[PDB]
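Enquirer: mmCIF, C-alpha atoms and all ligand atoms, saved as start-v9.cif, coming up:
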data_final
loop_
_atom_site.label_atom_id
_atom_site.label_comp_id
_atom_site.auth_asym_id
_atom_site.auth_seq_id
_atom_site.Cartn_x
_atom_site.Cartn_y
_atom_site.Cartn_z
CA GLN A 1 4.58 -4.13 14.98
CA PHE A 2 7.93 -4.81 13.30
CA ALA A 3 10.79 -6.51 15.08
CA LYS A 4 13.42 -5.18 12.62
CA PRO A 5 13.35 -2.63 9.77
CA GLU A 6 13.32 -5.50 7.27
CA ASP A 7 9.94 -6.52 8.65
CA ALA A 8 8.50 -3.10 7.86
CA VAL A 9 9.94 -3.31 4.35
CA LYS A 10 8.36 -6.73 3.80
CA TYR A 11 5.02 -5.49 5.16
CA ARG A 12 4.83 -2.38 3.01
CA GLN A 13 5.91 -4.23 -0.11
CA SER A 14 3.17 -6.80 0.47
CA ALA A 15 0.58 -4.09 1.13
CA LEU A 16 1.57 -2.20 -2.00
CA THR A 17 1.47 -5.42 -4.03
CA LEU A 18 -2.14 -6.00 -3.02
CA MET A 19 -3.29 -2.63 -3.02
CA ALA A 20 -1.84 -2.60 -6.67
CA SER A 21 -3.68 -5.80 -7.74
CA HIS A 22 -6.99 -4.40 -6.45
CA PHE A 23 -6.44 -1.21 -8.41
CA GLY A 24 -5.07 -2.67 -11.59
CA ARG A 25 -7.58 -5.52 -11.94
CA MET A 26 -10.20 -2.82 -12.72
CA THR A 27 -8.33 -1.52 -15.76
CA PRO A 28 -10.24 -3.79 -18.25
CA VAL A 29 -13.55 -2.63 -16.70
CA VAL A 30 -12.61 1.08 -16.94
CA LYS A 31 -11.60 0.52 -20.60
CA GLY A 32 -14.84 -1.43 -21.39
CA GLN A 33 -12.89 -4.60 -22.34
CA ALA A 34 -14.62 -6.38 -19.42
CA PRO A 35 -18.20 -5.89 -18.31
CA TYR A 36 -19.17 -3.44 -15.60
CA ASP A 37 -20.94 -5.01 -12.63
CA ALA A 38 -21.56 -2.18 -10.20
CA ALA A 39 -21.81 -4.45 -7.17
CA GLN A 40 -18.56 -6.28 -8.05
CA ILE A 41 -16.73 -2.98 -8.37
CA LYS A 42 -18.28 -1.50 -5.21
CA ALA A 43 -17.00 -4.53 -3.24
CA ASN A 44 -13.55 -4.43 -4.85
CA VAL A 45 -13.13 -0.69 -4.14
CA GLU A 46 -14.05 -1.33 -0.51
CA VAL A 47 -11.14 -3.81 -0.37
CA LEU A 48 -8.92 -1.24 -2.06
CA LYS A 49 -10.08 1.35 0.54
CA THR A 50 -8.85 -0.77 3.36
CA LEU A 51 -5.58 -1.72 1.65
CA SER A 52 -4.79 1.88 0.66
CA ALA A 53 -4.58 2.92 4.31
CA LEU A 54 -1.99 0.26 5.24
CA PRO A 55 1.41 0.94 3.67
CA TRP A 56 2.11 4.28 5.33
CA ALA A 57 2.51 3.09 8.88
CA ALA A 58 5.26 0.77 7.67
CA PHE A 59 7.51 3.69 6.68
CA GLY A 60 8.31 4.63 10.30
CA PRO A 61 11.51 6.46 11.17
CA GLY A 62 14.61 4.38 10.41
CA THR A 63 12.72 1.70 8.33
CA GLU A 64 14.88 2.74 5.42
CA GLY A 65 15.25 -0.06 2.94
CA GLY A 66 13.67 -1.71 -0.06
CA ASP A 67 12.99 0.49 -3.09
CA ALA A 68 12.05 3.45 -0.82
CA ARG A 69 14.14 6.38 -1.90
CA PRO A 70 15.83 7.98 1.09
CA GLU A 71 13.90 11.25 0.50
CA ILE A 72 10.82 9.68 2.16
CA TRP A 73 11.81 10.37 5.99
CA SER A 74 13.65 13.71 5.84
CA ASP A 75 10.74 15.33 3.98
CA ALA A 76 7.97 13.86 6.23
CA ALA A 77 5.24 16.49 5.83
CA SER A 78 5.63 16.27 1.98
CA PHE A 79 5.56 12.44 1.75
CA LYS A 80 2.46 12.66 4.11
CA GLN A 81 0.81 15.13 1.76
CA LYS A 82 1.29 12.64 -1.12
CA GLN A 83 -0.11 9.65 0.76
CA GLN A 84 -3.06 11.77 2.05
CA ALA A 85 -3.74 13.11 -1.55
CA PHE A 86 -3.65 9.51 -2.78
CA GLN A 87 -5.94 8.58 0.09
CA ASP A 88 -8.31 11.45 -0.83
CA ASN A 89 -8.39 10.31 -4.48
CA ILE A 90 -9.34 6.82 -3.11
CA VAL A 91 -12.32 8.50 -1.30
CA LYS A 92 -13.42 9.86 -4.68
CA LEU A 93 -13.11 6.41 -6.27
CA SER A 94 -15.20 4.91 -3.43
CA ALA A 95 -17.84 7.53 -4.01
CA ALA A 96 -17.96 6.71 -7.74
CA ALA A 97 -18.12 2.93 -7.08
CA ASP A 98 -20.78 3.32 -4.32
CA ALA A 99 -22.91 5.35 -6.74
CA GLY A 100 -22.61 2.76 -9.60
CA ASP A 101 -21.64 5.62 -11.86
CA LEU A 102 -19.32 4.31 -14.52
CA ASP A 103 -18.23 7.64 -16.01
CA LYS A 104 -17.43 8.83 -12.47
CA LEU A 105 -15.52 5.57 -11.94
CA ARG A 106 -13.34 6.08 -15.03
CA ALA A 107 -12.50 9.68 -14.07
CA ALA A 108 -11.71 8.77 -10.46
CA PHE A 109 -9.63 5.79 -11.55
CA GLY A 110 -7.45 8.02 -13.71
CA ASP A 111 -6.96 10.43 -10.81
CA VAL A 112 -5.93 7.63 -8.52
CA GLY A 113 -3.45 6.30 -11.05
CA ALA A 114 -1.92 9.78 -11.44
CA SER A 115 -1.48 9.90 -7.64
CA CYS A 116 0.27 6.51 -7.63
CA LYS A 117 2.62 7.76 -10.34
CA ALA A 118 3.29 11.09 -8.59
CA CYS A 119 4.49 9.31 -5.45
CA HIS A 120 6.43 6.75 -7.47
CA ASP A 121 8.24 9.70 -9.16
CA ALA A 122 9.26 11.45 -5.93
CA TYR A 123 9.91 8.41 -3.74
CA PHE A 124 10.50 5.06 -5.49
CA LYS A 125 14.17 4.14 -6.17
CA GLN B 1 -6.94 -10.98 -12.00
CA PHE B 2 -3.62 -12.75 -12.55
CA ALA B 3 -1.84 -12.75 -15.88
CA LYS B 4 0.28 -15.83 -15.01
CA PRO B 5 0.27 -18.35 -12.13
CA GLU B 6 3.28 -16.58 -10.63
CA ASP B 7 1.10 -13.51 -10.15
CA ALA B 8 -1.37 -15.50 -8.05
CA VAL B 9 1.51 -16.87 -5.99
CA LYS B 10 2.86 -13.37 -5.36
CA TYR B 11 -0.62 -12.10 -4.44
CA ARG B 12 -1.41 -14.85 -1.96
CA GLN B 13 2.00 -14.66 -0.35
CA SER B 14 1.55 -10.91 0.14
CA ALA B 15 -1.97 -11.38 1.52
CA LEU B 16 -0.81 -14.06 3.93
CA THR B 17 2.12 -11.87 5.02
CA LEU B 18 -0.26 -9.10 6.01
CA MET B 19 -2.94 -11.07 7.29
CA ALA B 20 -0.13 -12.65 9.52
CA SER B 21 1.22 -9.28 10.74
CA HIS B 22 -2.30 -8.17 11.74
CA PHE B 23 -2.79 -11.38 13.68
CA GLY B 24 0.60 -11.67 15.28
CA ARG B 25 0.94 -8.03 16.34
CA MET B 26 -1.81 -8.76 18.92
CA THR B 27 0.19 -11.47 20.67
CA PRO B 28 1.70 -9.06 23.29
CA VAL B 29 -1.81 -7.71 24.02
CA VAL B 30 -3.30 -11.22 24.44
CA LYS B 31 -0.40 -12.10 26.80
CA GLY B 32 -0.79 -8.81 28.80
CA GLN B 33 2.76 -7.67 27.90
CA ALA B 34 1.21 -4.68 26.09
CA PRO B 35 -1.85 -2.73 27.19
CA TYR B 36 -5.33 -3.55 25.97
CA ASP B 37 -7.07 -0.69 24.17
CA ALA B 38 -10.41 -2.07 23.07
CA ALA B 39 -10.85 0.45 20.27
CA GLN B 40 -7.33 -0.20 18.89
CA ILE B 41 -8.00 -3.93 18.82
CA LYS B 42 -11.50 -3.55 17.34
CA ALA B 43 -10.00 -1.55 14.45
CA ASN B 44 -7.11 -3.97 13.94
CA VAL B 45 -9.44 -7.01 13.86
CA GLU B 46 -11.56 -5.25 11.25
CA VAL B 47 -8.42 -5.00 9.08
CA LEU B 48 -7.68 -8.65 9.79
CA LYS B 49 -11.30 -9.48 8.79
CA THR B 50 -10.82 -7.99 5.40
CA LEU B 51 -7.37 -9.51 4.86
CA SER B 52 -8.48 -12.99 5.96
CA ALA B 53 -10.92 -13.22 3.05
CA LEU B 54 -8.29 -12.47 0.38
CA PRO B 55 -5.79 -15.32 -0.02
CA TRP B 56 -8.22 -18.01 -1.10
CA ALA B 57 -9.18 -16.62 -4.46
CA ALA B 58 -5.50 -16.66 -5.40
CA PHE B 59 -5.33 -20.47 -5.22
CA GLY B 60 -7.34 -20.96 -8.43
CA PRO B 61 -6.95 -24.12 -10.51
CA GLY B 62 -3.44 -24.46 -11.95
CA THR B 63 -1.90 -21.65 -9.75
CA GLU B 64 0.36 -24.32 -8.32
CA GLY B 65 3.56 -22.82 -7.03
CA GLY B 66 5.18 -21.19 -4.05
CA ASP B 67 5.10 -23.11 -0.76
CA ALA B 68 1.57 -24.43 -1.55
CA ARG B 69 1.69 -28.17 -1.20
CA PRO B 70 0.17 -29.83 -4.25
CA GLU B 71 -2.61 -31.38 -2.08
CA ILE B 72 -4.43 -28.00 -2.10
CA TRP B 73 -6.30 -28.37 -5.65
CA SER B 74 -7.08 -32.11 -5.85
CA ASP B 75 -8.79 -32.03 -2.45
CA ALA B 76 -10.81 -28.80 -3.10
CA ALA B 77 -13.79 -29.33 -0.78
CA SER B 78 -11.36 -30.14 2.12
CA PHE B 79 -9.02 -27.15 1.59
CA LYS B 80 -12.29 -25.03 1.36
CA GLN B 81 -13.48 -26.46 4.66
CA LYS B 82 -10.19 -25.36 6.28
CA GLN B 83 -10.28 -21.82 4.90
CA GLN B 84 -14.00 -21.49 5.84
CA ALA B 85 -13.27 -22.84 9.42
CA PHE B 86 -10.44 -20.33 9.68
CA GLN B 87 -12.81 -17.68 8.36
CA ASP B 88 -15.45 -18.71 10.95
CA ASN B 89 -12.87 -18.49 13.77
CA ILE B 90 -12.12 -14.92 12.46
CA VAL B 91 -15.89 -14.13 12.91
CA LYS B 92 -15.54 -15.21 16.54
CA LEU B 93 -12.46 -13.00 17.00
CA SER B 94 -14.37 -10.04 15.49
CA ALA B 95 -17.20 -10.65 17.90
CA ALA B 96 -14.79 -10.67 20.87
CA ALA B 97 -13.01 -7.49 19.67
CA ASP B 98 -16.32 -5.68 18.90
CA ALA B 99 -17.51 -6.50 22.43
CA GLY B 100 -14.27 -5.20 24.10
CA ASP B 101 -14.16 -8.46 26.00
CA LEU B 102 -10.56 -9.32 26.69
CA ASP B 103 -11.06 -12.87 27.98
CA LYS B 104 -13.18 -13.58 24.88
CA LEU B 105 -10.39 -12.04 22.78
CA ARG B 106 -7.71 -14.34 24.25
CA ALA B 107 -9.84 -17.47 23.72
CA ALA B 108 -10.76 -16.51 20.16
CA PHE B 109 -7.17 -15.61 19.35
CA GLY B 110 -6.00 -19.06 20.39
CA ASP B 111 -8.68 -20.67 18.23
CA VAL B 112 -7.63 -18.63 15.24
CA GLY B 113 -3.99 -19.55 15.72
CA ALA B 114 -4.91 -23.26 15.91
CA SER B 115 -6.75 -22.85 12.58
CA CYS B 116 -3.70 -21.23 10.97
CA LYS B 117 -1.56 -24.13 12.18
CA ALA B 118 -4.06 -26.79 11.03
CA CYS B 119 -3.97 -25.48 7.47
CA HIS B 120 -0.21 -25.02 7.58
CA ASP B 121 0.05 -28.73 8.58
CA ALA B 122 -2.09 -30.06 5.72
CA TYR B 123 -1.08 -27.64 2.97
CA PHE B 124 2.19 -25.69 3.44
CA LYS B 125 5.32 -27.27 1.85
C1 LIG A 201 -1.62 3.40 -6.51
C2 LIG A 201 -2.80 2.42 -6.53
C3 LIG A 201 -0.27 2.69 -6.41
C4 LIG A 201 0.14 1.57 -6.99
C5 LIG A 201 -0.60 0.71 -8.03
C6 LIG A 201 1.48 1.29 -6.50
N1 LIG A 201 1.87 2.27 -5.62
FE1 LIG A 201 3.70 2.48 -4.80
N2 LIG A 201 5.35 2.51 -3.66
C7 LIG A 201 5.80 3.61 -2.92
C8 LIG A 201 7.11 3.37 -2.37
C9 LIG A 201 7.93 4.31 -1.51
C10 LIG A 201 7.42 2.02 -2.79
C11 LIG A 201 8.65 1.28 -2.40
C12 LIG A 201 8.44 0.45 -1.11
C13 LIG A 201 9.65 -0.32 -0.67
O1 LIG A 201 10.21 -1.07 -1.52
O2 LIG A 201 10.10 -0.14 0.51
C14 LIG A 201 6.35 1.54 -3.60
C15 LIG A 201 6.27 0.31 -4.16
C16 LIG A 201 5.25 -0.13 -4.96
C17 LIG A 201 5.15 -1.44 -5.58
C18 LIG A 201 6.17 -2.54 -5.38
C19 LIG A 201 6.02 -3.27 -4.07
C20 LIG A 201 6.89 -4.47 -3.90
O3 LIG A 201 6.40 -5.62 -3.96
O4 LIG A 201 8.14 -4.32 -3.74
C21 LIG A 201 4.05 -1.48 -6.32
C22 LIG A 201 3.48 -2.64 -7.13
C23 LIG A 201 3.39 -0.20 -6.18
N3 LIG A 201 4.16 0.61 -5.36
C24 LIG A 201 2.24 0.19 -6.82
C25 LIG A 201 5.10 4.77 -2.74
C26 LIG A 201 3.79 5.02 -3.10
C27 LIG A 201 3.01 6.17 -2.72
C28 LIG A 201 3.58 7.30 -1.86
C29 LIG A 201 2.59 8.16 -1.08
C30 LIG A 201 1.79 6.02 -3.30
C31 LIG A 201 0.56 6.94 -3.25
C32 LIG A 201 1.82 4.77 -4.02
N4 LIG A 201 3.08 4.18 -3.91
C33 LIG A 201 0.78 4.30 -4.77
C34 LIG A 201 0.79 3.14 -5.54
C1 LIG A 202 -3.61 -17.46 10.45
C2 LIG A 202 -3.73 -16.00 10.90
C3 LIG A 202 -2.43 -17.68 9.50
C4 LIG A 202 -1.21 -17.16 9.53
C5 LIG A 202 -0.60 -16.25 10.62
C6 LIG A 202 -0.50 -17.63 8.36
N1 LIG A 202 -1.31 -18.46 7.62
FE1 LIG A 202 -0.77 -19.54 6.01
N2 LIG A 202 -0.40 -20.30 4.19
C7 LIG A 202 -1.17 -21.29 3.57
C8 LIG A 202 -0.54 -21.76 2.36
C9 LIG A 202 -1.05 -22.82 1.40
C10 LIG A 202 0.67 -20.97 2.28
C11 LIG A 202 1.65 -21.04 1.15
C12 LIG A 202 1.31 -20.01 0.04
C13 LIG A 202 2.27 -20.03 -1.12
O1 LIG A 202 3.50 -19.94 -0.87
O2 LIG A 202 1.80 -20.21 -2.29
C14 LIG A 202 0.74 -20.12 3.42
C15 LIG A 202 1.72 -19.22 3.68
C16 LIG A 202 1.79 -18.43 4.80
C17 LIG A 202 2.83 -17.47 5.10
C18 LIG A 202 3.99 -17.17 4.18
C19 LIG A 202 3.63 -16.25 3.03
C20 LIG A 202 4.78 -15.79 2.19
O3 LIG A 202 5.18 -14.61 2.28
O4 LIG A 202 5.35 -16.61 1.43
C21 LIG A 202 2.59 -16.93 6.29
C22 LIG A 202 3.36 -15.85 7.04
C23 LIG A 202 1.36 -17.53 6.78
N3 LIG A 202 0.91 -18.45 5.85
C24 LIG A 202 0.77 -17.28 8.00
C25 LIG A 202 -2.38 -21.75 4.02
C26 LIG A 202 -3.13 -21.25 5.06
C27 LIG A 202 -4.48 -21.61 5.40
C28 LIG A 202 -5.26 -22.67 4.61
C29 LIG A 202 -6.79 -22.60 4.67
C30 LIG A 202 -4.82 -20.89 6.50
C31 LIG A 202 -6.13 -20.87 7.29
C32 LIG A 202 -3.67 -20.07 6.82
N4 LIG A 202 -2.62 -20.33 5.95
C33 LIG A 202 -3.62 -19.23 7.91
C34 LIG A 202 -2.52 -18.48 8.31
#
Output the structure of this file as structure tokens.
Ligand code: HEC
Ligand code: HEC
Expert:
Amino acid sequence: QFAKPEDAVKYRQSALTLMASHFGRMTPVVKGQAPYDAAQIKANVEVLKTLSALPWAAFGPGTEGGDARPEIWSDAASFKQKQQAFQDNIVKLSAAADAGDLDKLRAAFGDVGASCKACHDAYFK
Amino acid sequence: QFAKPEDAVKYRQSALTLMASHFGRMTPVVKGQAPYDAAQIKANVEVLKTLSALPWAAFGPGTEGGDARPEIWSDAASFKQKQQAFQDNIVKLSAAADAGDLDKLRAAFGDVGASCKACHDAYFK
């Protein structure tokens, strides 16, 4: 869906920006600094679900650019493992949110954040 | 969820960028220049559904900035009517996609695009 590589870069950056707002805006809730409304969080995690599936298709072959370390395309199976592990940790966060189980939410949130950081460490310039 | 107004600007711009990729990538399909796969389009419109609900919350009071004409906050009911009409045209596009009805897709797509342009004309700098 991208006319030039720059379009893929702009798309993924925008997806990651959201996806990151929808994750990070829950930090006060997970820390207890903001109240926990199970329905609010269930709805927000559903948005995060959808967003978390979007960036990866915008790292097609030859869409090198942005802050994407070059190691992303030449090690394709390994980058895919990281996105799919991230994506699997998001399933666990959805399960916690859907259940209204705060303790499960906090644990799952930490796992998700570790998965963000793991990819950032291997693949962000 | 925004620490400063600039954060809201960055969020809405990113949401609008996606939302706009998910809309515009269907143009070749609506024109018949690309094949029509009903399931593909149903799934893409579902993504567009979700995205099309996101920008509006990032135009809170005092988040002036970006390419958002100042007329957005002082005429709040009217800006809300435009986003909700856009949002209603998206419901019609979902219905067309869900039904696998190509003719209904083309008509709904044109209505959506007109709603994008109408808001762009009243509120984009
Ligand atoms: C888990 C919820 C997160 C969060 C909060 C973020 N990421 Fe990543 N990310 C990855 C790569 C390769 C990039 C660079 C993209 C490019 O510039 O081409 C990024 C970038 C970001 C950003 C900045 C986006 C921007 O506006 O420029 C942010 C805010 C961000 N990330 C947060 C790679 C990955 C992953 C590889 C599988 C995973 C998982 C994540 N990121 C997860 C997260
Ligand atoms: C219907 C599907 C669309 C499409 C394809 C786009 N919009 Fe809009 N849009 C609106 C405003 C106020 C702005 C400025 C935001 C800001 O800068 O603060 C925009 C911006 C955009 C962009 C550019 C985003 C960026 O990266 O800077 C794009 C690509 C875009 N729009 C496309 C306002 C509205 C609406 C008011 C209710 C509606 C409806 C739409 N836009 C709809 C669409």
Enquirer: Could you produce a table of the residues of chain A lying within 9 Å of chain B, with the nearest pair of atoms per residue and their separation in Å rounded to one decimal, using all atoms listed in the file, ordered by chain and increasing residue number, as CSV?
Expert:
residue,atom,partner,partner_atom,distance
A:1,CA,B:25,CA,5.5
A:2,CA,B:25,CA,8.3
A:10,CA,B:17,CA,8.2
A:11,CA,B:18,CA,6.5
A:12,CA,B:18,CA,8.9
A:13,CA,B:14,CA,8.0
A:14,CA,B:14,CA,4.4
A:15,CA,B:14,CA,7.0
A:16,CA,B:14,CA,9.0
A:17,CA,B:14,CA,6.9
A:18,CA,B:11,CA,6.4
A:21,CA,B:1,CA,7.5
A:22,CA,B:1,CA,8.6
A:24,CA,B:1,CA,8.5
A:25,CA,B:1,CA,5.5
A:26,CA,B:1,CA,8.8
A:47,CA,B:50,CA,7.1
A:50,CA,B:47,CA,7.1
A:51,CA,B:47,CA,8.6
Enquirer: Take the residues from that selection and put them in a file with C-alpha atoms, as a CSV table (one decimal), in the frame of the given file.
Expert:
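Dumped to part-v7.csv:
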chain,number,residue,atom,x,y,z
A,1,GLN,CA,4.6,-4.1,15.0
A,2,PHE,CA,7.9,-4.8,13.3
A,10,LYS,CA,8.4,-6.7,3.8
A,11,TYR,CA,5.0,-5.5,5.2
A,12,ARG,CA,4.8,-2.4,3.0
A,13,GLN,CA,5.9,-4.2,-0.1
A,14,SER,CA,3.2,-6.8,0.5
A,15,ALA,CA,0.6,-4.1,1.1
A,16,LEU,CA,1.6,-2.2,-2.0
A,17,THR,CA,1.5,-5.4,-4.0
A,18,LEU,CA,-2.1,-6.0,-3.0
A,21,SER,CA,-3.7,-5.8,-7.7
A,22,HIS,CA,-7.0,-4.4,-6.4
A,24,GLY,CA,-5.1,-2.7,-11.6
A,25,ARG,CA,-7.6,-5.5,-11.9
A,26,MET,CA,-10.2,-2.8,-12.7
A,47,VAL,CA,-11.1,-3.8,-0.4
A,50,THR,CA,-8.8,-0.8,3.4
A,51,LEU,CA,-5.6,-1.7,1.6
Enquirer: Report as a list in words which protein, DNA and RNA residues come within 6 Å of ligand LIG 201 (chain A), using all atoms listed in the file.
Expert: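 Within the 6 Å cut-off, the matching residues are residues 9, 13, 14, 16, 17, 20, 23, 65, 66, 67, 68, 79, 82, 83, 86, 113, 115, 116, 119, 120, 123 and 124 of chain A.
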Enquirer: I need the residues from that last selection saved to file as an mmCIF file, in the coordinates of the input (with C-alpha atoms), if you can.
Expert:
data_model
loop_
_atom_site.group_PDB
_atom_site.id
_atom_site.type_symbol
_atom_site.label_atom_id
_atom_site.label_comp_id
_atom_site.auth_asym_id
_atom_site.auth_seq_id
_atom_site.Cartn_x
_atom_site.Cartn_y
_atom_site.Cartn_z
ATOM 1 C CA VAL A 9 9.940 -3.310 4.350
ATOM 2 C CA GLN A 13 5.910 -4.230 -0.110
ATOM 3 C CA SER A 14 3.170 -6.800 0.470
ATOM 4 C CA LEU A 16 1.570 -2.200 -2.000
ATOM 5 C CA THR A 17 1.470 -5.420 -4.030
ATOM 6 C CA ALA A 20 -1.840 -2.600 -6.670
ATOM 7 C CA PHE A 23 -6.440 -1.210 -8.410
ATOM 8 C CA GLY A 65 15.250 -0.060 2.940
ATOM 9 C CA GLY A 66 13.670 -1.710 -0.060
ATOM 10 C CA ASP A 67 12.990 0.490 -3.090
ATOM 11 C CA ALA A 68 12.050 3.450 -0.820
ATOM 12 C CA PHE A 79 5.560 12.440 1.750
ATOM 13 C CA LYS A 82 1.290 12.640 -1.120
ATOM 14 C CA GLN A 83 -0.110 9.650 0.760
ATOM 15 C CA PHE A 86 -3.650 9.510 -2.780
ATOM 16 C CA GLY A 113 -3.450 6.300 -11.050
ATOM 17 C CA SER A 115 -1.480 9.900 -7.640
ATOM 18 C CA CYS A 116 0.270 6.510 -7.630
ATOM 19 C CA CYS A 119 4.490 9.310 -5.450
ATOM 20 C CA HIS A 120 6.430 6.750 -7.470
ATOM 21 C CA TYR A 123 9.910 8.410 -3.740
ATOM 22 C CA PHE A 124 10.500 5.060 -5.490
#
Enquirer: May I have the residues within 10 Å of residue 90 of chain B as JSON, numbers by chain, using all atoms listed in the file and disregarding those fewer than 4 positions away in the same chain?
Expert: {"B": [45, 46, 48, 49, 50, 52, 53, 84, 85, 86, 94, 95, 96, 108, 109, 111, 112, 113, 115]}
Enquirer: Could you please determine the separation between atom CA of residue 40 of chain A and atom CA of residue 92 of chain A in Å, to one decimal place?
Expert: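 Going from atom CA of residue 40 of chain A over to atom CA of residue 92 of chain A covers 17.3 Å.
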Enquirer: Please compute the atom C3 of ligand LIG 202 (chain A)-atom CA of residue 114 of chain B distance, one decimal, in Å.
Expert: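 Computing the Euclidean distance for atom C3 of ligand LIG 202 (chain A) and atom CA of residue 114 of chain B yields 8.9 Å.
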Enquirer: B:29, B:56, B:3, B:35: which is nearest ligand LIG 202 (chain A), counting only C-alpha atoms and all ligand atoms?
Expert: B:56
Enquirer: Report the distance between atom CA of residue 4 of chain A and atom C28 of ligand LIG 202 (chain A) in Å, rounded to one decimal place.
Expert: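 Result for atom CA of residue 4 of chain A versus atom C28 of ligand LIG 202 (chain A): 26.8 Å, one decimal.
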Enquirer: May I have the residues within 7 Å of residue 97 of chain A as a ChimeraX atom specification, using only C-alpha atoms and disregarding those fewer than 2 positions away in the same chain?
Expert: /A:38,41-42,45,93-95,99-101,105
Enquirer: Taking all atoms listed in the file into account, name the residue in B:103, B:121, B:98, B:75 that is nearest to ligand LIG 202 (chain A).
Expert: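 Closest to ligand LIG 202 (chain A), using all atoms listed in the file: B:121.
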Enquirer: Could you name the residues that touch residue 106 of chain B at 7 Å or less, counting all atoms listed in the file, but leaving out those on the same chain fewer than 4 positions away, as a list in words?
Expert: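 Answer for this query is residues 30, 102 and 110 of chain B.
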Enquirer: I need the residue nearest residue 87 of chain A from this list: A:107, A:55, A:39, A:74. Use all atoms listed in the file for the distance.
Expert: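 Among the listed residues, the smallest separation from residue 87 of chain A belongs to A:55.
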Enquirer: I'd like to know which of A:27, A:122, A:91, A:6 is closest to residue 71 of chain A, using all atoms listed in the file.
Expert: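 Looking at the shortest contact to residue 71 of chain A, the residue is A:122.
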Enquirer: Each side padded by 6 Å, which centre and which edge lengths in Å (one decimal) define the axis-aligned box around the listed atoms of ligand LIG 202 (chain A)? Give them as AutoDock Vina command-line options.
Expert:
--center_x -0.7 --center_y -18.7 --center_z 4.3 --size_x 24.1 --size_y 20.2 --size_z 25.2
Enquirer: Let me make sure I understand: among B:64, B:104, B:43, B:76, which one has the smallest atom-to-atom distance to ligand LIG 202 (chain A) if we use all atoms listed in the file?
Expert: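 Looking at the shortest contact to ligand LIG 202 (chain A), the residue is B:64.
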Enquirer: With only C-alpha atoms and all ligand atoms as the atoms that count, which of B:34, B:44, B:57, B:125 lies nearest to ligand LIG 202 (chain A)?
Expert: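 The answer is B:125, which sits nearest to ligand LIG 202 (chain A).
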